[PDB]
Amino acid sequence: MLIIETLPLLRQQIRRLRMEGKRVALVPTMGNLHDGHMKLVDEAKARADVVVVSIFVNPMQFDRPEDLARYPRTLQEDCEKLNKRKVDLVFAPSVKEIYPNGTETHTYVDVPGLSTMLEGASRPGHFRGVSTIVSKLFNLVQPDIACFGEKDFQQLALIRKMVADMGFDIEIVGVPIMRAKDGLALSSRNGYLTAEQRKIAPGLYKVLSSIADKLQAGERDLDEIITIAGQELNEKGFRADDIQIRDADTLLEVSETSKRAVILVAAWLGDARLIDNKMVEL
């Protein structure tokens, strides 16, 4: 497993891989890798000849410099994990290598609408940071395929739109949330549930799946759908916290034009705030 830190050396490896006709997959990350990321790598290994993982804590997508400074860095552990997964190349550049003149005067890429809704409304500049570094990485790595998790549904929608709009010939693979055999989304948060709570916890996915079924069956009274969903969660032992249904492609309210919906649920159980999402074809 090669670990590459500079642009010239990356371009050399990438040119040579492609010269040899290898199909390349890219998994962009900011390090601090966990099982979620290992599934992205496994999907990339099955779909391509060569897998490239980028590890870069990107200053452009942080709200303030103190947050950037506190972000966890675990490069050695990250590299041990990817080496065990047989990754071919890790690109781990410094901030000066990527942003030699800083970020403020660097060219950027902005996806209208998606970047300034939901999470992006409370984090100005964040998604601009995401679309800029992912575009740069696509040009540097020239992948055939790139893998992103469905848990971060907003980033996935953002990148899908960026790719379509900017003409990149890259397949974007959205990797579904990993689940236990009973349907519960795997998460560190499950660690805070008592055993009796752990037995109740699969109810969240059941309710989420119920919502999807209704939507798939033409129900469009979202307010009622959501009211019943909360009641059901609460009668199960949860404390419903937030339930939202949106257009999956544009992240706007579902309308007569929506073709896919994304459902987001959060509900407290004990000291855990469990979270899940699902996309449904319309």
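So that there is no doubt, residue numbering starts at 1 and follows the sequence shown.
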| field | Average Cα temperature factor in the PDB entry - higher stretch of 270-278, 254-262 | value | 254-262
| task | Between 25-33 and 245-253, point out the one with the higher average CA B-factor as the PDB entry records it. | result | 245-253
| said: I'd like to know which of 132, 122, 197, 154 has the highest C-alpha temperature factor in the PDB entry. | reply: 122
| request: Sort 55, 51, 40, 215 by C-alpha B-factor from the entry and give me just the highest. | output: 215
| message | What third of the chain does residue 71 rank in for C-alpha temperature factor, lowest, middle or highest? | response | highest
| task | Could you tell me which third, lowest, middle or highest, the C-alpha B-factor of residue 169 occupies within its chain? | result | middle
| note | Assert third(CA B-factor, residue 210) within chain per record equals highest
| query | Of the three thirds of its chain by CA temperature factor, lowest, middle or highest, which one includes residue 110? | reply | middle
| request: Determine, from the deposited record, the chain-internal third of the Cα B-factor for residue 97: lowest, middle or highest. | output: highest
